Peer 1: 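Dumping the structure here so I can ask a few things about it.
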Amino acid sequence: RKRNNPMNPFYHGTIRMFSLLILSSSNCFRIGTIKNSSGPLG
Amino acid sequence: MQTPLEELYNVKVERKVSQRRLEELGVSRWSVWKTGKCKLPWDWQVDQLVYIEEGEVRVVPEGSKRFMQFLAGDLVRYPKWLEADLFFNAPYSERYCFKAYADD
Amino acid sequence: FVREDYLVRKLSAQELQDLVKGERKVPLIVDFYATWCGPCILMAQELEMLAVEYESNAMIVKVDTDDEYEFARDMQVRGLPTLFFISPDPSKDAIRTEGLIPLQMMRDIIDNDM
Amino acid sequence: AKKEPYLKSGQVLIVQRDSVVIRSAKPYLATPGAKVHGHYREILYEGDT
Amino acid sequence: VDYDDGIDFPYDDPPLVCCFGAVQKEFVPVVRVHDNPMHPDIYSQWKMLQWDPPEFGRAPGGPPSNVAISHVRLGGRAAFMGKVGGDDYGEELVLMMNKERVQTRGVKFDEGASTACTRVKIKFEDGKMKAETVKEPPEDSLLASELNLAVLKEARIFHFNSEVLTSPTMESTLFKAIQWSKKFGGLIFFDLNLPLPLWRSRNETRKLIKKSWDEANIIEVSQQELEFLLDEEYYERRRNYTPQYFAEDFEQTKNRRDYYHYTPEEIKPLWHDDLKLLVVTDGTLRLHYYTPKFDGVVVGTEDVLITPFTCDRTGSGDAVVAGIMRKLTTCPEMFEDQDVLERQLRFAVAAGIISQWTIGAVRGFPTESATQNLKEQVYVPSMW
């Protein structure tokens with residue numbers, strides 16, 4: 001515990017779990033009325 | 001990080017506390033804990049209100065690389081289960097009130 | 001019990017400044033080198049031979065340009081290998097030699113110019 | 001397509017308006033009677049059978 | 001300026017080239033800071049920095065005499081223009097150039113000067129030891145009256161380095177010699193080879209080299225020199241960039257060495273009207289070429305690990321420049337045909353590759369036969 005203790009402030013990749021794998025650019029790559037608009041309806 | 005340590009660790013700070021709240025809490029009838037330049041490793045397995053009138057304390061939670069700066073005249077409520085590290089660089093004296101569930 | 005394999009000592013810019021400032025009885029030969037420079041190996045061997053030849057009649061030191069690059073640039077070093085022959089007399093002027101000069105050329109400079 | 005570069009081996013990971021992102025994969029041909037060493041989705045390090 | 005010199009002659013083949021500057025033994029000029037030093041005393045470990053070199057020292061160049069010797073060994077005719085002292089070392093240097101069949105009729109002797117020796121005075125400005133030149137060496141003390149106008153008339157390519165820009169006498173003599181060479185129809189080859197002082201700051205070096213840069217028809221710079229002259233931090237950041245989520249193409253997934261080809265828009269600040277060919281060399285691995293009409297890159301290679309105990313990169317850039325001049329003097333179509341340009345630059349690539357296999361710059365300069373053999377061995381027959 002913290003009491004039994006016998007410093008001084010005054011002085012890429014994406015995780016794939018199911019076991020962990022890292023997905024990054026080393027293994028993933030890219031190949032290739034008023035006007036109606038997307039938004040809230042209330 | 002972006003969020004200050006007080007919000008992350010849920011520490012109530014009432015800096016420059018007025019006399020009304022102090023007399024409502026009955027701080028004047030609490031005991032006095034004194035210390036000089038020391039370092040107390042403590043885990044708050046219970047809530048504790050602390051009023052600092054003389055001295056300064058820098059609080060470092062377990063593992064944190066930052067500290068919460070508390071001066072004199074501030075009312076601080078250390079939450080339950082907090083594992084911090086108390087640091088003092090000067091003579092220090094405070095009034096306390098350990099609080100159980102509910103109560104105040 | 002075991003003699004050291006190398007007689008040429010490596011000095012810092014500050015140590016070389018102190019050595020030049022202080023009283024000197026024998027000529028001081030300053031070598032500027034880098035371990036990544038190919039010609040500096042042959043110059044290192046030649047200067048070891050020269051240090052063997054001049055036991056106490058000359059002082060051979062070396063400065064690494066990867067540690068004292070600004071100091072080397074201040075001393076008007078345009079490339080490697082570069083040697084500075086500093087005479088014990090402060091009135092005289094030092095000699096800078098550029099390239100893999102022969103050992104006999106070093107001997108001539110030390111004997112007839114320092 | 002005739003006017004498109006050939007696709008690389010792998011699985012389609014992201015589908016977008018005019019592009020796809022492929023997680024590269026290497027196929028291994030196996031005749032009947034071969035024995036696959038590992039369950040599905042099992043992590044294999046380099047050199048593992 | 002006013003008239004011509006000597007007697008007009010048809011002139012023999014191959015066309016003569018002139019190398020202007022100092023004749024020195026070894027003495028690589030390009031010096032920077034490297035973060036991977038070996039043992040300060042045990043020079044037997046220093047060969048490990050020859051097969052894992054600093055990037056600025058991948059294919060180091062040297063004095064113009066190295067280029068002249070390499071050019072002669074590659075089958076060309078070269079003449080050296082400079083001054084040596086009348087002592088033993090100057091005669092030794094002239095003998096070295098003579099045994100290599102380099103024309104020394106342009107070499108001027110100075111009986112009162114010590115070859116490769118400079119007089120300096122040591123001072124202690126602002127608490128740091130410094131030196132200042134008292135008497136320049138004879139290699140930096142060639143006067144415009146000491147030039148050889150027959151050589152400048154016959155030479156078809158005039159070659160010099162930026163080391164002469166560190167001496168005012170040599171700078172004035174260089175510009176007079178460039179005037180004479182351009183009068184007679186020769187081409188100006190600027191091989192930068194920035195010495196240690198000229199790496200201090202970009203703007204100072206740009207101002208120092210702008211005139212000679214604008215007086216040149218052919219320029220060869222290393223990748224480090226070009227990026228220092230344009231912007232070092234921008235390209236350093238560009239190399240260190242890594243996409244956060246996925247690569248933009250399959251080739252970006254392999255984490256291969258960066259061989260970025262600078263666009264002519266990026267080269268635009270350094271371009272001028274009389275520039276016929278700019279070559280950027282990433283050692284012998286890449287040869288980025290830029291002409292007013294087109295640009296591209298020649299893919300090369302290197303293997304110093306094939307001979308770990310004899311490899312030495314000193315003089316490789318001199319061999320590359322000598323091969324470039326050798327092919328330019330005999331193939332005028334290089335300036336106008338891109339395929340021919342790449343085919344002839346593969347010869348210089350091979351020449352640079354061989355030059356890294358021997359200890360010593362002069363000792364390891366390849367011959368034309370060996371260079372052509374290596375070129376035909378390395379490349380497929382359709383790239384010859």
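Heavy-atom basis, side chains included; hydrogens, waters and symmetry copies ignored. Throughout, protein chains are lettered first and strands after them, A, B, ... in sequence-line order, and every chain is numbered starting at 1.
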Peer 1: Among E/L270, E/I219, E/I218, which residue meets the side chain to side chain contact (heavy atoms under 4.5 Å, CB included) test with E/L278?
Peer 2: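 Of the listed residues E/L270, E/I219, E/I218, the side chain to side chain contact (heavy atoms under 4.5 Å, CB included) partner of E/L278 is E/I219.
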
Peer 1: Working to the nearest 0.5 angstrom, can you tell me the gap between C/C40 SG and C/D64 CG?
Peer 2: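 Atom-to-atom, C/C40:SG and C/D64:CG are 8.5 Å apart.
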
Peer 1: Could you go through E/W213 and E/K211, starting from their C-alpha distance and side-chain angles, then the distance that decides it, and tell me whether this counts as side chain to side chain contact (heavy atoms under 4.5 Å, CB included)?
Peer 2: CA-CA 5 Å; E/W213 186 281; E/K211 188 177 167 188; over 6 Å; no

Peer 1: Checking E/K83 side chain against E/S141 main chain: does a donor-acceptor pair fall under 3.5 Å?
Peer 2: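 It does hold such a pair.
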
Peer 1: Rounded to the nearest 0.5 Å, what's the gap from CG on E/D282 to CG on E/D258? Could you check?
Peer 2: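 If I round to the nearest 0.5 Å, the distance is 9.5 Å.
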
Peer 1: Looking at E/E154 and E/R105, is there a salt bridge between them, counting it only when a charged N and a carboxylate O are closer than 4.0 Å?
Peer 2: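 So E/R105 pairs with E/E154 through a salt bridge.
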
Peer 1: Quick check: do C/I95 and C/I109 have side-chain heavy atoms less than 4.5 Å from each other?
Peer 2: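 Sidechains of C/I109 and C/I95: in contact.
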
Peer 1: Which heavy atom of E/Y89 sits nearest a heavy atom of C/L100, and at what distance?
Peer 2: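 Looking at all heavy atoms of both residues, the shortest contact is OH-O, 4.1 Å.
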
Peer 1: Sub-3.5 Å donor-acceptor pair from the side chain of E/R77 to the main-chain atoms of E/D12, do we have one?
Peer 2: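 Such a contact is found between E/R77 side chain and E/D12 backbone.
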
Peer 1: Do E/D274 and E/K182 make a side-chain contact, defined as non-hydrogen atoms from C-beta onward lying under 4.5 Å apart?
Peer 2: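 In contact.
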
Peer 1: State whether the side chain of E/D87 and the backbone N or O of E/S114 hold a donor-acceptor pair below 3.5 Å, judged by distance alone.
Peer 2: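 Side chain of E/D87 to backbone of E/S114: no pair is present.
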
Peer 1: Show, in sequence, the C-alpha distance, side-chain angles and deciding distance for E/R313 and E/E302, and conclude whether the side chain to side chain contact (heavy atoms under 4.5 Å, CB included) test is met.
Peer 2: CA-CA 10 Å; E/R313 299 177 178 267; E/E302 76 179 25; 2.9 Å; yes

Peer 1: With a 4.5 Å limit on heavy-atom distance, are the side chains of E/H71 and E/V17 in contact?
Peer 2: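 A side-chain contact exists here, since the closest heavy-atom pair is under 4.5 Å.
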
Peer 1: Run the salt-bridge test on E/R202 and E/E232 with the 4.0 Å N-O cut-off and return the result as yes or no.
Peer 2: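 Not counted as a salt bridge, because no side-chain N and carboxylate O are separated by less than 4.0 Å.
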
Peer 1: Is a donor on one side and an acceptor on the other found under 3.5 Å between the side chain of E/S70 and the backbone of E/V67?
Peer 2: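 Not at all, since once roles are kept as given, no pair shorter than 3.5 Å links the two residues.
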
Peer 1: Between E/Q377 and E/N373, does the side chain to side chain donor-acceptor pair (under 3.5 Å) criterion hold? Intermediate values first, please.
Peer 2: CA-CA 6 Å; E/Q377 290 162 14; E/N373 281 332; 5.2 Å; no

Peer 1: Any idea which heavy atoms bring E/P264 and E/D295 closest together, and the distance?
Peer 2: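 For E/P264 and E/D295, the tightest heavy-atom pair comes out as CD-OD2, 3.6 Å.
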
Peer 1: Is the backbone N or O of E/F228 less than 3.5 Å from a side-chain atom of E/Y235, with the two atoms forming a donor-acceptor pair by type?
Peer 2: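 No, E/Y235 side chain to E/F228 backbone: no donor-acceptor pair under 3.5 Å.
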
Peer 1: Would you say the side-chain atoms of E/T104 pair up with the backbone N or O of E/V107, donor to acceptor, closer than 3.5 Å?
Peer 2: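 Checking the backbone N and O of E/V107 against the side chain of E/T104, no donor-acceptor pair under 3.5 Å is found.
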
Peer 1: How far apart are the C-alpha atoms of E/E136 and E/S167, what are their side-chain angles, what is the distance that settles it, and do they pass the side chain to side chain donor-acceptor pair (under 3.5 Å) test?
Peer 2: CA-CA 8 Å; E/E136 284 186 334; E/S167 178; 2.8 Å; yes

Peer 1: Could you check whether atom NZ of E/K210 has more than 12 heavy atoms from other residues, nucleotides or ligands sitting under 6.0 Å from it?
Peer 2: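 Open: at most 12 neighbouring heavy atoms sit under 6.0 Å from NZ of E/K210.
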
Peer 1: Tell me the closest heavy-atom pair linking E/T169 and E/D140, and the distance in Å.
Peer 2: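 Closest approach of E/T169 to E/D140, heavy atoms only: CB-O, 3.7 Å.
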
Peer 1: Among E/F189, E/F20, E/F184, which one satisfies ring-ring contact (aromatic ring centres under 6.0 Å, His included) with E/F158?
Peer 2: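 Result for ring-ring contact (aromatic ring centres under 6.0 Å, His included) with E/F158: E/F20.
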
Peer 1: Quick one: does E/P53's side chain get under 4.5 Å of E/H34's, heavy atoms only?
Peer 2: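 When only atoms from C-beta onward are counted, E/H34 and E/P53 do not touch, as no gap falls below 4.5 Å.
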
Peer 1: Do the ring centers of E/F80 and E/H159 come within less than 6.0 Å of each other?
Peer 2: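 When the ring centroids of E/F80 and E/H159 are compared, they turn out to be at least 6.0 Å apart.
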
Peer 1: Any chance you could lay out the side chain to side chain contact (heavy atoms under 4.5 Å, CB included) test for E/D88 and C/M105, step after step, and finish with the verdict?
Peer 2: CA-CA 9 Å; E/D88 282 354; C/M105 182 172 175; over 6 Å; no

Peer 1: Applying ring pair (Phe, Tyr, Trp, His ring centres under 6.0 Å), run through C/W36 and E/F56 and close with a yes or a no.
Peer 2: CA-CA 11 Å; C/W36 53 262; E/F56 60 87; 5.0 Å; yes

Peer 1: So which heavy atom on E/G185 is nearest to which on E/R156, and how close?
Peer 2: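 Looks like O-NH1, 3.4 Å.
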
Peer 1: Where is the tightest heavy-atom contact between E/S355 and E/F365, given as atom of each residue plus distance?
Peer 2: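 Closest approach of E/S355 to E/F365, heavy atoms only: OG-CD2, 3.7 Å.
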
Peer 1: Do we see a donor-acceptor contact under 3.5 Å between the side chains of E/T166 and C/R78?
Peer 2: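 Yes, side-chain donor-acceptor contact under 3.5 Å.
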
Peer 1: Step by step, would you call E/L142 with E/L147 a side chain to side chain contact (heavy atoms under 4.5 Å, CB included)?
Peer 2: CA-CA 8 Å; E/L142 184 70; E/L147 296 179; 4.0 Å; yes

Peer 1: Does a side-chain heavy-atom distance below 4.5 Å link E/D312 with E/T358?
Peer 2: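 The answer is no, as the side chains (C-beta and beyond) never meet within the 4.5 Å cut-off.
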
Peer 1: Any sub-3.5 Å donor-acceptor pair from E/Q50's side-chain atoms to E/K47's backbone N or O?
Peer 2: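 No.
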
Peer 1: Apply ring pair (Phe, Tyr, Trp, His ring centres under 6.0 Å) to E/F190 and E/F160, showing your working.
Peer 2: CA-CA 6 Å; E/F190 195 5; E/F160 70 101; 4.6 Å; yes

Peer 1: Run the ring-centre check on E/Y262 versus E/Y290 and record whether the distance is less than 6.0 Å.
Peer 2: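 They do not qualify: ring centres at least 6.0 Å apart.
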
Peer 1: Can you check side chain to side chain donor-acceptor pair (under 3.5 Å) on E/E342 and E/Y289, steps first, answer last?
Peer 2: CA-CA 9 Å; E/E342 300 200 21; E/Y289 58 88; 2.3 Å; yes

Peer 1: Do E/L192 and E/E220 come within less than 4.5 Å of each other through their side chains, counting heavy atoms only?
Peer 2: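 Not in contact.
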
Peer 1: Under 3.5 Å, side chain of E/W384 to main-chain N/O of E/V380, donor-acceptor pair present?
Peer 2: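 Yes: the side chain of E/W384 pairs with the backbone of E/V380.
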
Peer 1: By the definition salt bridge (charged side-chain N to carboxylate O under 4.0 Å, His left out), identify the one residue from E/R239, E/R32, E/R257 that meets it with E/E55.
Peer 2: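 The salt bridge (charged side-chain N to carboxylate O under 4.0 Å, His left out) with E/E55 is passed solely by E/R257 among E/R239, E/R32, E/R257.
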
Peer 1: Would the distance check show the side chain of E/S172 and the main-chain N or O of E/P168 forming a donor-acceptor pair, the cut-off being under 3.5 Å?
Peer 2: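 Judged by distance alone, yes, a pair lies under 3.5 Å.
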
Peer 1: Are any non-hydrogen side-chain atoms of E/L275 and E/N217 less than 4.5 angstrom apart?
Peer 2: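 Side-chain contact under 4.5 Å: no.
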
Peer 1: Can you name the closest pair of heavy atoms from E/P14 and E/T330 and give their distance?
Peer 2: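 Nearest heavy atoms, E/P14 then E/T330: CB-CG2, 4.5 Å.
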
Peer 1: For the side chain of E/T367 and the backbone of E/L74, is there at least one donor-acceptor N/O pair under 3.5 Å apart?
Peer 2: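 No, E/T367 side chain to E/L74 backbone: no donor-acceptor pair under 3.5 Å.
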
Peer 1: State which residue, out of E/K375, E/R73, E/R326, fulfils the salt bridge (charged side-chain N to carboxylate O under 4.0 Å, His left out) condition with E/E368.
Peer 2: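 Testing E/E368 for a salt bridge (charged side-chain N to carboxylate O under 4.0 Å, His left out) against E/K375, E/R73, E/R326 leaves exactly one candidate, E/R326.
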
Peer 1: Using side-chain hydrogen bond (donor to acceptor under 3.5 Å, both in side chains) as the criterion, point out the one residue from E/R238, E/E266, E/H288, E/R286 that pairs with E/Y260.
Peer 2: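 Checked E/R238, E/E266, E/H288, E/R286 against E/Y260; only one passes side-chain hydrogen bond (donor to acceptor under 3.5 Å, both in side chains): E/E266.
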
Peer 1: So E/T314 and C/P39, do their side chains get closer than 4.5 Å, heavy atoms only?
Peer 2: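 Touching, per the 4.5 Å side-chain cut-off.
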
Peer 1: Rounded to the nearest 0.5 Å, what separates atom OG1 in C/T97 from atom CE in C/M106?
Peer 2: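 Taking OG1 in C/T97 and CE in C/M106, the distance rounds to 6.5 Å.
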
Peer 1: How many angstroms lie between atom OG1 of E/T291 and atom NZ of E/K276, to the nearest 0.5 angstrom?
Peer 2: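 That separation rounds to 10.5 Å.
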
Peer 1: Once rounded to the nearest 0.5 Å, what's the spacing between atom CZ of E/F175 and atom CE of E/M170?
Peer 2: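 Rounded to the nearest 0.5 Å, the CZ-CE separation comes to 13.0 Å.
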
Peer 1: What distance do E/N36 atom CG and C/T35 atom OG1 have between them, rounded to the nearest 0.5 Å?
Peer 2: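 Output value for this atom pair is 7.5 Å.
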
